[PDB]
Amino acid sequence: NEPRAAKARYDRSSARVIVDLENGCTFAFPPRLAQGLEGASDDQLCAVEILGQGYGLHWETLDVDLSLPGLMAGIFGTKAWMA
């Protein structure tokens, strides 16, 4: 019953992480709104992978894991962080 990431990439042109959902929808976010991705280089941002069934966005080397539902709910970090 949930949207699930089929593909994920970092678009350098638009400076966005574009997630293609499995139901035909798309979600994009500027990575420097997300806790963990601050000061990540373009090269580092490209490493994005899909994990969970398809509910998590993962960066192995950076050791960052973002909740796709959280991101789409508007949650990009901890209360403390979102300030």
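Residue numbers here begin at 1 and follow the sequence given.
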Q. Hey, what third does residue 61 fall into on Cα B-factor, ranked over its chain?
A. lowest
Q) By the record's CA B-factor, is residue 45 among the lowest, middle or highest third of residues in the chain? A) lowest
Q: Give the position of residue 14 by CA B-factor within its chain, expressed as the lowest, middle or highest third.
A: middle
Q. Of the three thirds of its chain by CA temperature factor, lowest, middle or highest, which one includes residue 53?
A. highest
